[PDB]
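So the structure is just underneath, and the comments pick up after that.
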Amino acid sequence: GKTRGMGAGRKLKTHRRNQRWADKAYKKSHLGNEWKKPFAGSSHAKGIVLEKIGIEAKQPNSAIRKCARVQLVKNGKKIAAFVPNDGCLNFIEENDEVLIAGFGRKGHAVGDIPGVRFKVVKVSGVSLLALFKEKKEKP
Amino acid sequence: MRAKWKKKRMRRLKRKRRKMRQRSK
Amino acid sequence: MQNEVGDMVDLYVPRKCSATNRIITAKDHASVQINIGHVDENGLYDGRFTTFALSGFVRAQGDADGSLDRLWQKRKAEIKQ
Amino acid sequence: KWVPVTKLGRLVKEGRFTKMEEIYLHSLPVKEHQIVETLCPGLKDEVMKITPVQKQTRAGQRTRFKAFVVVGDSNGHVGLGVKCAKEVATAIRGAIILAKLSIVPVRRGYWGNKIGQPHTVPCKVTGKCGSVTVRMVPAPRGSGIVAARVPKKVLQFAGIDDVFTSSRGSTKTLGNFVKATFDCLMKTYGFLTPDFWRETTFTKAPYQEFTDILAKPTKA
Amino acid sequence: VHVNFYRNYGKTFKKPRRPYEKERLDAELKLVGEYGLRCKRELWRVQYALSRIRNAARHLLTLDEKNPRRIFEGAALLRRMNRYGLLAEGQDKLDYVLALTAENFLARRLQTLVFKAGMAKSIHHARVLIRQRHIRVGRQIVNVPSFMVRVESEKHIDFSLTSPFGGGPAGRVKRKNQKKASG
RNA sequence: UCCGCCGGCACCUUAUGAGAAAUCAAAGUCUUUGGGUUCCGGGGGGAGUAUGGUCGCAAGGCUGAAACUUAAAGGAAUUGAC
RNA sequence: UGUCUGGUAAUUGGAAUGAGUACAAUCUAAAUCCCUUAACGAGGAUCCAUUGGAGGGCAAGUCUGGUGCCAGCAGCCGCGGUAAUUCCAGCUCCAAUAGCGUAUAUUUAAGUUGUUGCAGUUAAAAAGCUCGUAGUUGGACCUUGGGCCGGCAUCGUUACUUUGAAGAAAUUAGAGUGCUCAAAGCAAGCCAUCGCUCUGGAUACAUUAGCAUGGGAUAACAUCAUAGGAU
Ligand SMILES: [Mg+2]
Ligand SMILES: [Mg+2]
Ligand SMILES: [Mg+2]
Ligand SMILES: [Mg+2]
Ligand SMILES: [Mg+2]
Ligand SMILES: [Mg+2]
Ligand SMILES: [Mg+2]
Ligand SMILES: [Mg+2]
Ligand SMILES: [Mg+2]
């Protein structure tokens, strides 16, 4: 089984160093690929609303999720961001200024929405929550 | 699908890829 | 077991097997207890007896008979027979 | 109301006992649930879970509710009952009966000092039920119970005040979790400490020293 | 460099691991109710302080008796407890301090002592009176209900000289009423 | 033919053992965790695939990813249905 | 039946007070904040508490109205197809409370990185098999009876263990100290002084490596019969 010699510290250390790589989280963090994602290791990002789209919810659900195809200004990547809080697709217009955030599962699709990992947090410098509750008006 | 025949399909794909790569070097 | 005053603190003191010394649990239903009566020089039962307890483990082993026989041979020496 | 059907109950009913530690002392097979009613003064009962299990028949699925009950005053006595019945009421009642029938004594020791009212298990004790292994380790006077909800309830009913617990295996399985906890609570009285190994003296069993009233005074 | 950066600073409460438990919620609400607190933080900080003290005592009890790094701080801890009215004169051992509990601490608060000294109609009236600058410990005005009193100062709590309840001029309400009745 | 010893391939009964169980006299002596040592696994796919290195006449062998996708895949046993 | 206890009312009363305002003094290099304080200052005491939720995990509704696999909610399981405990709202209730929600990173949870402490017949995982250097690991044997209780050499080497020294402060642990409490600070305290307590401003830990003292049990090296040995 294990090497229990008192003189075998190097063997145990090297074996653990080799075997840490099978870990999903450790390999995710120490491979450096997290910098090639659209956010490039950032909590939020900013973007321009390229277009407004809808995606059919995955089975067995049946609905149309009002997403938005936007383009990040920091690297130019094009991503789809969810728009929650029904009626909040109306606030978003064309080529508009939005603040995007992750969806919650750390680079994983959330819910029945196929392949969406971002949600719109702000539009034109105003939070979607304030507009939804009529606390603020779009400028 | 039987994994034996999947392995055979993979081998055919590998040899075809090798031929295609040898075509253009 | 013993408090700083010097009194009992556990509910009871268990029995331990007279062959393997392992204690007898309150839910050990294979553990038994035998009283072997003693006789007089004529061969009359005098009303006193020697008590042995065997745990379920030693019984289920099958060494209960040998252990009890050895215990009786050893014990009868002090109290004659 | 109650007509004893076994020697132990017939012995108890008139009042030839005070506590139930002498029954434990001879490891007698308690089989009537009124014995623990009469002997143990305080009993508290909380049901732990009501799990519906199913058996698929040709017509449909026959469902039966299995109930878990924990019994015992918080002064060293605890028991566990499991009963599966057609509907929840009889399941709960039968599980209460079984739990009262399965009361065992627990040993409470000290952590490092013998200031009165012992509050902890005496040793490191473990219990395995299928896959769920539970371990309790002695804790100082002010620690409290460090455990999940199920072992916490079992230990509170057992009378333990402070302990350090661990767990391994699928503890989501309530039956195995609680059975392992209760089983190792039984083991708490099983370790041979250096104080216990004073030579034992023997006492007549209740079946043997009450022979006078057990030959043929059937029920009078 | 900014010298003000060198001032140490810390936190005093911890918050519980499991937020939604019925028995714990009822226990905490029970304690808050008759100890006249404001939120679960006023009790969580008491739990935090008690946990620190208990951890220190448990660490001390793990050492050998003849260890000076046991004797010195054992004496110090027992001195502090006997000074704050927590441990009785019959509990002079390191084992008794492990048995301390939160209500022992909450019994020594200034609001609790004011209520139990008969000066307040209820433990909420005590807190209201404390926060309104009506209570002085020794000679010093105190308006902090969490003020933990010591045994030597337990015999000096009294309404302040400036207080109308301790021999002061009438408050603005009574003076306004006298002004109204003057004409 | 009978008895005994050492070595080997197995077999039968039984746990007081272990195990998720089937079962195992070793797959036991494990939360009461430590005899020595080698190799090797980290949810299911992508995939033993891409590429580099290297051995081979070739077929191929050894070493061997990533993006992306997914909430199950799987083991043992149970009751029905077929 | 009785009296007391306890709880609710945009009911009735009185008292209390600081948020605010402001003479004034104090603070300050000068101002300002704080502390102190004239005068004013609360009844729906409008001097109006918020953030998230109410199927499970997880504390709190199978209330009412709207929608009808649509709009949407939903971290996961899932909800909505004319009776929605899950969506849109009202009422009510729950948790925290001057704080709460959301996203990333990572600590715990994770005994799912396992030295402590995981696994490998069937769940993923023993190399087809053997040999083999480095590495790791290696049987037993050699002081016990013995009681008592300034010199002066020249020497097997280490690991281990004890004791000591040197060891930056800050941070951490920790003694004292009533900043009104606390987080803090290293201050202060007292007869009621032409002052005193020499006032205090402790103490630990700080891997490994290095220096020195004692111990020789357990371990590693070569030393072991051409006497080229000791005296
Ligand atoms: Mg995998
Ligand atoms: Mg609602
Ligand atoms: Mg609930
Ligand atoms: Mg409805
Ligand atoms: Mg594992
Ligand atoms: Mg398979
Ligand atoms: Mg396999
Ligand atoms: Mg093999
Ligand atoms: Mg050796």
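As shown in the structure tokens, the chain order sets the letters A, B, ...; within each chain, residues go from 1, and ligands are also counted from 1 in the order they appear.
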- Message: ligand 4: which residues are within 12 Å, counting only C-alpha atoms (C1' of nucleotides) and all ligand atoms? Reply as a PyMOL selection string.
- Response: chain G and resi 61-68+80+82-89
- Message: For the structure I just gave you, how does DSSP split segment 98-136 of chain A - specifically, which residues are alpha helix (DSSP H)? Reply as a VMD selection string.
- Response: chain A and resid 128 to 132
Using only N, CA and C atoms, please write the residues we just selected to a file, as a PDB file, in the first residue's frame.
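Listing of out_23.pdb after writing:
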ATOM      1  N   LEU A 128     -30.943  46.597 -13.030  1.00  0.00           N
ATOM      2  CA  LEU A 128     -32.215  46.040 -13.472  1.00  0.00           C
ATOM      3  C   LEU A 128     -33.214  45.962 -12.329  1.00  0.00           C
ATOM      4  N   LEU A 129     -32.734  45.758 -11.102  1.00  0.00           N
ATOM      5  CA  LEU A 129     -33.635  45.675  -9.958  1.00  0.00           C
ATOM      6  C   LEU A 129     -34.345  47.002  -9.718  1.00  0.00           C
ATOM      7  N   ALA A 130     -33.623  48.118  -9.839  1.00  0.00           N
ATOM      8  CA  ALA A 130     -34.238  49.421  -9.607  1.00  0.00           C
ATOM      9  C   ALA A 130     -35.285  49.739 -10.666  1.00  0.00           C
ATOM     10  N   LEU A 131     -34.991  49.433 -11.931  1.00  0.00           N
ATOM     11  CA  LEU A 131     -35.968  49.651 -12.993  1.00  0.00           C
ATOM     12  C   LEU A 131     -37.169  48.729 -12.835  1.00  0.00           C
ATOM     13  N   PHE A 132     -36.925  47.477 -12.445  1.00  0.00           N
ATOM     14  CA  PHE A 132     -38.005  46.510 -12.289  1.00  0.00           C
ATOM     15  C   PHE A 132     -38.975  46.935 -11.197  1.00  0.00           C
TER      16      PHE A 132
END
- Message: Neighbouring residues of segment 20-28 of chain F were defined as those with any atom within 12 Å, considering only C-alpha atoms (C1' of nucleotides); residues of the same chain fewer than 2 positions away were excluded. Please report them as number ranges by chain.
- Response: D: 129-132, 169-170; F: 13-18, 30, 75-78; G: 120-123
- Close residues to ligand 3 using only C-alpha atoms (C1' of nucleotides) and all ligand atoms, limit 10 Å, as JSON, numbers by chain: {"E": [20, 21, 22], "G": [54, 55, 56, 57, 58, 59, 60, 94]}
Please return, as a PDB file with N, CA, C and O atoms (P, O5', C5', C4', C3', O3' and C1' of nucleotides), in the first residue's frame, all residues of chain F lying within 12 Å of chain B when only C-alpha atoms (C1' of nucleotides) are considered.
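Output file part28.pdb follows:
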ATOM      1  P     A F  47     -13.247  11.535 -28.821  1.00  0.00           P
ATOM      2  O5'   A F  47     -13.144  10.354 -27.757  1.00  0.00           O
ATOM      3  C5'   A F  47     -12.477   9.138 -28.085  1.00  0.00           C
ATOM      4  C4'   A F  47     -11.705   8.572 -26.917  1.00  0.00           C
ATOM      5  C3'   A F  47     -12.538   8.157 -25.704  1.00  0.00           C
ATOM      6  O3'   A F  47     -11.903   7.050 -25.066  1.00  0.00           O
ATOM      7  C1'   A F  47     -10.956   9.757 -25.047  1.00  0.00           C
ATOM      8  P     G F  48     -12.188   5.540 -25.530  1.00  0.00           P
ATOM      9  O5'   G F  48     -10.924   4.741 -24.981  1.00  0.00           O
ATOM     10  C5'   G F  48      -9.833   4.410 -25.837  1.00  0.00           C
ATOM     11  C4'   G F  48      -8.938   5.595 -26.109  1.00  0.00           C
ATOM     12  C3'   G F  48      -7.749   5.311 -27.027  1.00  0.00           C
ATOM     13  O3'   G F  48      -7.468   6.476 -27.800  1.00  0.00           O
ATOM     14  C1'   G F  48      -6.961   6.111 -24.963  1.00  0.00           C
ATOM     15  P     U F  49      -6.720   6.350 -29.214  1.00  0.00           P
ATOM     16  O5'   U F  49      -7.146   7.673 -29.989  1.00  0.00           O
ATOM     17  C5'   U F  49      -8.436   7.794 -30.569  1.00  0.00           C
ATOM     18  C4'   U F  49      -8.896   9.229 -30.600  1.00  0.00           C
ATOM     19  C3'   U F  49      -7.836  10.256 -30.963  1.00  0.00           C
ATOM     20  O3'   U F  49      -7.628  10.366 -32.359  1.00  0.00           O
ATOM     21  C1'   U F  49      -9.017  10.987 -29.052  1.00  0.00           C
ATOM     22  P     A F  50      -6.170  10.712 -32.934  1.00  0.00           P
ATOM     23  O5'   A F  50      -5.984  12.260 -32.615  1.00  0.00           O
ATOM     24  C5'   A F  50      -6.686  13.251 -33.349  1.00  0.00           C
ATOM     25  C4'   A F  50      -6.289  14.637 -32.910  1.00  0.00           C
ATOM     26  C3'   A F  50      -4.806  14.961 -33.001  1.00  0.00           C
ATOM     27  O3'   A F  50      -4.414  15.366 -34.301  1.00  0.00           O
ATOM     28  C1'   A F  50      -5.624  15.602 -30.879  1.00  0.00           C
ATOM     29  P     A F  58       7.178   1.641 -40.806  1.00  0.00           P
ATOM     30  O5'   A F  58       5.643   1.262 -40.991  1.00  0.00           O
ATOM     31  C5'   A F  58       4.955   1.566 -42.195  1.00  0.00           C
ATOM     32  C4'   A F  58       3.946   0.499 -42.527  1.00  0.00           C
ATOM     33  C3'   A F  58       2.812   0.333 -41.528  1.00  0.00           C
ATOM     34  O3'   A F  58       1.747   1.232 -41.784  1.00  0.00           O
ATOM     35  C1'   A F  58       3.747  -1.786 -42.048  1.00  0.00           C
ATOM     36  P     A F  59       0.865   1.824 -40.581  1.00  0.00           P
ATOM     37  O5'   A F  59      -0.019   0.588 -40.110  1.00  0.00           O
ATOM     38  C5'   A F  59      -0.969  -0.006 -40.981  1.00  0.00           C
ATOM     39  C4'   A F  59      -1.501  -1.289 -40.401  1.00  0.00           C
ATOM     40  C3'   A F  59      -1.998  -1.198 -38.967  1.00  0.00           C
ATOM     41  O3'   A F  59      -3.322  -0.706 -38.867  1.00  0.00           O
ATOM     42  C1'   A F  59      -0.534  -3.031 -39.161  1.00  0.00           C
ATOM     43  P     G F  60      -3.713   0.296 -37.678  1.00  0.00           P
ATOM     44  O5'   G F  60      -3.370  -0.533 -36.365  1.00  0.00           O
ATOM     45  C5'   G F  60      -2.810   0.098 -35.224  1.00  0.00           C
ATOM     46  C4'   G F  60      -1.700  -0.735 -34.639  1.00  0.00           C
ATOM     47  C3'   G F  60      -1.143  -0.267 -33.307  1.00  0.00           C
ATOM     48  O3'   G F  60      -1.945  -0.647 -32.203  1.00  0.00           O
ATOM     49  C1'   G F  60       0.641  -0.722 -34.771  1.00  0.00           C
TER      50        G F  60
END
- Task: Enter the distance from atom CA of residue 112 of chain E to atom CA of residue 138 of chain E, in Å, rounded to one decimal.
- Result: 16.8 Å
- Which of segment 31-209 of chain D counts as strand (DSSP E) under DSSP, as a ChimeraX atom specification please? /D:45-56,61-71,77-85,104-105,125-129,132-137,145-146,163-168
- Query: Can I get the residues close to ligand 8 as a list in words, where close means within 9 Å and we count only C-alpha atoms (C1' of nucleotides) and all ligand atoms?
  - Reply: residues 126, 127, 128 and 129 of chain G
- Task: Within 10 Å of segment 33-43 of chain F, counting only C-alpha atoms (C1' of nucleotides), which residues show up once you throw out same-chain ones fewer than 3 positions away? Write them as a ChimeraX atom specification, please.
- Result: /A:1-5,19-24 /F:30,71-74 /G:112-113,116-117,119-120,124-127,136-138
- Set the cut-off to 10 Å, count only C-alpha atoms (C1' of nucleotides) and all ligand atoms, and list whatever residues fall near ligand 9 as a VMD selection string. chain G and resid 138 to 140 218 to 219
- Give the residues of chain A that lie within 8 Å of chain G; count only C-alpha atoms (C1' of nucleotides), and format the answer as a ChimeraX atom specification. /A:3,5,7-8,16,19-20,23,41-44,61-63,85-86,101-106,110-111
File dump, residues just selected, N, CA and C atoms, as a PDB file, in the first residue's frame:
ATOM      1  N   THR A   3       4.021   3.812   1.472  1.00  0.00           N
ATOM      2  CA  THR A   3       5.417   3.761   1.890  1.00  0.00           C
ATOM      3  C   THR A   3       5.523   4.442   3.248  1.00  0.00           C
ATOM      4  N   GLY A   5       8.291   4.238   5.388  1.00  0.00           N
ATOM      5  CA  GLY A   5       9.635   4.441   5.882  1.00  0.00           C
ATOM      6  C   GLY A   5       9.847   5.857   6.380  1.00  0.00           C
ATOM      7  N   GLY A   7      12.660   7.355   6.129  1.00  0.00           N
ATOM      8  CA  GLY A   7      13.497   7.969   5.125  1.00  0.00           C
ATOM      9  C   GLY A   7      12.815   8.209   3.800  1.00  0.00           C
ATOM     10  N   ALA A   8      11.498   8.035   3.730  1.00  0.00           N
ATOM     11  CA  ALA A   8      10.750   8.115   2.478  1.00  0.00           C
ATOM     12  C   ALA A   8       9.911   9.380   2.376  1.00  0.00           C
ATOM     13  N   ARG A  16       2.321  12.705  -3.873  1.00  0.00           N
ATOM     14  CA  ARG A  16       1.186  13.605  -3.701  1.00  0.00           C
ATOM     15  C   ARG A  16       1.215  14.727  -4.727  1.00  0.00           C
ATOM     16  N   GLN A  19      -0.150  13.292  -7.856  1.00  0.00           N
ATOM     17  CA  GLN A  19      -1.543  12.872  -7.785  1.00  0.00           C
ATOM     18  C   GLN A  19      -2.517  14.016  -7.544  1.00  0.00           C
ATOM     19  N   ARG A  20      -2.042  15.207  -7.176  1.00  0.00           N
ATOM     20  CA  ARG A  20      -2.962  16.336  -7.062  1.00  0.00           C
ATOM     21  C   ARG A  20      -3.634  16.673  -8.384  1.00  0.00           C
ATOM     22  N   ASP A  23      -7.339  15.823  -9.323  1.00  0.00           N
ATOM     23  CA  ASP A  23      -8.385  16.663  -8.761  1.00  0.00           C
ATOM     24  C   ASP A  23      -8.957  17.578  -9.832  1.00  0.00           C
ATOM     25  N   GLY A  41     -10.822  35.996 -15.459  1.00  0.00           N
ATOM     26  CA  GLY A  41     -10.649  36.087 -14.020  1.00  0.00           C
ATOM     27  C   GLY A  41     -11.160  37.370 -13.404  1.00  0.00           C
ATOM     28  N   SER A  42     -12.345  37.816 -13.806  1.00  0.00           N
ATOM     29  CA  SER A  42     -12.978  38.997 -13.241  1.00  0.00           C
ATOM     30  C   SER A  42     -14.371  38.635 -12.753  1.00  0.00           C
ATOM     31  N   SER A  43     -14.807  39.306 -11.687  1.00  0.00           N
ATOM     32  CA  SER A  43     -16.122  39.015 -11.127  1.00  0.00           C
ATOM     33  C   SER A  43     -17.232  39.495 -12.053  1.00  0.00           C
ATOM     34  N   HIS A  44     -17.111  40.713 -12.563  1.00  0.00           N
ATOM     35  CA  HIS A  44     -18.075  41.300 -13.481  1.00  0.00           C
ATOM     36  C   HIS A  44     -17.378  41.676 -14.783  1.00  0.00           C
ATOM     37  N   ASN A  61     -38.984  21.311 -19.603  1.00  0.00           N
ATOM     38  CA  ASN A  61     -39.567  22.637 -19.502  1.00  0.00           C
ATOM     39  C   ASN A  61     -39.962  23.144 -20.884  1.00  0.00           C
ATOM     40  N   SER A  62     -40.816  24.164 -20.899  1.00  0.00           N
ATOM     41  CA  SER A  62     -41.283  24.764 -22.148  1.00  0.00           C
ATOM     42  C   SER A  62     -41.509  26.251 -21.905  1.00  0.00           C
ATOM     43  N   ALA A  63     -40.557  27.068 -22.343  1.00  0.00           N
ATOM     44  CA  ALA A  63     -40.649  28.516 -22.225  1.00  0.00           C
ATOM     45  C   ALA A  63     -39.579  29.124 -23.118  1.00  0.00           C
ATOM     46  N   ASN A  85     -36.364  38.780 -14.405  1.00  0.00           N
ATOM     47  CA  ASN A  85     -37.299  39.792 -13.915  1.00  0.00           C
ATOM     48  C   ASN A  85     -38.211  40.302 -15.038  1.00  0.00           C
ATOM     49  N   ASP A  86     -39.189  39.452 -15.376  1.00  0.00           N
ATOM     50  CA  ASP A  86     -40.046  39.601 -16.553  1.00  0.00           C
ATOM     51  C   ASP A  86     -40.375  41.051 -16.880  1.00  0.00           C
ATOM     52  N   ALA A 101     -22.633  39.813 -15.166  1.00  0.00           N
ATOM     53  CA  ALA A 101     -22.048  39.055 -14.073  1.00  0.00           C
ATOM     54  C   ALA A 101     -22.247  37.571 -14.331  1.00  0.00           C
ATOM     55  N   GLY A 102     -21.522  36.753 -13.574  1.00  0.00           N
ATOM     56  CA  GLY A 102     -21.698  35.319 -13.671  1.00  0.00           C
ATOM     57  C   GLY A 102     -23.076  34.887 -13.211  1.00  0.00           C
ATOM     58  N   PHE A 103     -23.438  33.656 -13.561  1.00  0.00           N
ATOM     59  CA  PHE A 103     -24.783  33.175 -13.293  1.00  0.00           C
ATOM     60  C   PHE A 103     -24.902  32.449 -11.960  1.00  0.00           C
ATOM     61  N   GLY A 104     -23.804  31.939 -11.412  1.00  0.00           N
ATOM     62  CA  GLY A 104     -23.846  31.381 -10.076  1.00  0.00           C
ATOM     63  C   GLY A 104     -23.123  30.065  -9.888  1.00  0.00           C
ATOM     64  N   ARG A 105     -22.917  29.315 -10.968  1.00  0.00           N
ATOM     65  CA  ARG A 105     -22.324  27.988 -10.875  1.00  0.00           C
ATOM     66  C   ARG A 105     -20.874  27.959 -11.344  1.00  0.00           C
ATOM     67  N   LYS A 106     -20.211  29.115 -11.382  1.00  0.00           N
ATOM     68  CA  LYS A 106     -18.772  29.215 -11.624  1.00  0.00           C
ATOM     69  C   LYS A 106     -18.390  28.571 -12.961  1.00  0.00           C
ATOM     70  N   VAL A 110     -26.795  27.417 -15.806  1.00  0.00           N
ATOM     71  CA  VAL A 110     -27.675  27.462 -14.645  1.00  0.00           C
ATOM     72  C   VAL A 110     -29.109  27.285 -15.116  1.00  0.00           C
ATOM     73  N   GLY A 111     -29.799  26.306 -14.544  1.00  0.00           N
ATOM     74  CA  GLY A 111     -31.190  26.087 -14.865  1.00  0.00           C
ATOM     75  C   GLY A 111     -31.383  25.367 -16.187  1.00  0.00           C
TER      76      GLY A 111
END
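For the residues D:27, D:126, D:117, D:61, ranking by smallest atom-to-atom distance to chain C using only C-alpha atoms places D:27 first.
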- Write out as a VMD selection string each polymer residue whose atoms come within 10 Å of residue 51 of chain C, counting only C-alpha atoms (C1' of nucleotides); drop sequence neighbours fewer than 5 positions from it. (chain C and resid 18 33 to 37) or (chain D and resid 201 to 204)
Export of the given selection (N, CA and C atoms) as a short mmCIF file (atom, residue, chain, number, x, y, z; two decimals), in the first residue's frame:
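Wrote it out as out-v2.cif, contents follow:
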data_model
loop_
_atom_site.label_atom_id
_atom_site.label_comp_id
_atom_site.auth_asym_id
_atom_site.auth_seq_id
_atom_site.Cartn_x
_atom_site.Cartn_y
_atom_site.Cartn_z
N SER C 18 -16.19 -15.85 33.64
CA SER C 18 -15.25 -16.53 34.51
C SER C 18 -14.20 -17.31 33.75
N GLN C 33 -25.32 -18.37 33.52
CA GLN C 33 -24.76 -18.42 34.87
C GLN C 33 -25.17 -19.73 35.51
N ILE C 34 -24.18 -20.51 35.96
CA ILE C 34 -24.40 -21.84 36.50
C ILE C 34 -24.01 -21.85 37.97
N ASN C 35 -24.91 -22.36 38.81
CA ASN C 35 -24.60 -22.64 40.20
C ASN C 35 -24.36 -24.14 40.35
N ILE C 36 -23.16 -24.51 40.75
CA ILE C 36 -22.80 -25.90 41.00
C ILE C 36 -22.90 -26.13 42.50
N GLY C 37 -23.83 -26.98 42.91
CA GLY C 37 -23.98 -27.27 44.32
C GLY C 37 -22.87 -28.15 44.84
N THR D 201 -18.11 -10.59 42.14
CA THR D 201 -18.93 -11.41 43.01
C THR D 201 -20.27 -11.66 42.33
N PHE D 202 -20.88 -12.79 42.65
CA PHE D 202 -22.07 -13.25 41.94
C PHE D 202 -23.30 -13.16 42.83
N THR D 203 -24.43 -12.82 42.22
CA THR D 203 -25.69 -12.63 42.91
C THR D 203 -26.75 -13.49 42.24
N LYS D 204 -27.67 -14.03 43.04
CA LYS D 204 -28.73 -14.88 42.51
C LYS D 204 -29.59 -14.11 41.51
#
- residue 40 of chain A: which residues within 12 Å, counting only C-alpha atoms (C1' of nucleotides), same-chain residues fewer than 3 positions away excluded, as a PyMOL selection string? (chain A and resi 32-37+43-45+72+74-77+107) or (chain G and resi 104)
Just the selected residues (C-alpha atoms (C1' of nucleotides)), exported as a PDB file, in the first residue's frame, please.
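Below is the file that was written, result_27.pdb:
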ATOM      1  CA  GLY A  32      -4.052  28.570 -16.077  1.00  0.00           C
ATOM      2  CA  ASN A  33      -6.927  28.168 -18.543  1.00  0.00           C
ATOM      3  CA  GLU A  34      -9.161  30.384 -16.377  1.00  0.00           C
ATOM      4  CA  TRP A  35      -7.480  33.392 -18.013  1.00  0.00           C
ATOM      5  CA  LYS A  36      -8.735  32.329 -21.462  1.00  0.00           C
ATOM      6  CA  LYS A  37     -12.388  32.630 -20.420  1.00  0.00           C
ATOM      7  CA  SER A  43     -16.122  39.015 -11.127  1.00  0.00           C
ATOM      8  CA  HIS A  44     -18.075  41.300 -13.481  1.00  0.00           C
ATOM      9  CA  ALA A  45     -17.619  42.727 -16.960  1.00  0.00           C
ATOM     10  CA  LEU A  72     -17.403  42.590 -23.969  1.00  0.00           C
ATOM     11  CA  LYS A  74     -12.254  44.450 -22.515  1.00  0.00           C
ATOM     12  CA  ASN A  75     -11.450  41.691 -25.032  1.00  0.00           C
ATOM     13  CA  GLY A  76     -14.143  41.770 -27.747  1.00  0.00           C
ATOM     14  CA  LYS A  77     -15.657  38.349 -27.036  1.00  0.00           C
ATOM     15  CA  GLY A 107     -18.632  28.674 -15.360  1.00  0.00           C
TER      16      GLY A 107
ATOM     17  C1'   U G 104     -16.096  36.040  -8.799  1.00  0.00           C
TER      18        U G 104
END
- Would you list the contacts of residue 145 of chain E as a ChimeraX atom specification, taking every protein, DNA or RNA residue within 9 Å and counting only C-alpha atoms (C1' of nucleotides), but skipping same-chain residues closer than 3 positions in sequence? /E:109-112,126-128,130-131,142,148 /G:181
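Here atom CA of residue 59 of chain D and atom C1' of residue 79 of chain F stand 12.5 Å from one another.
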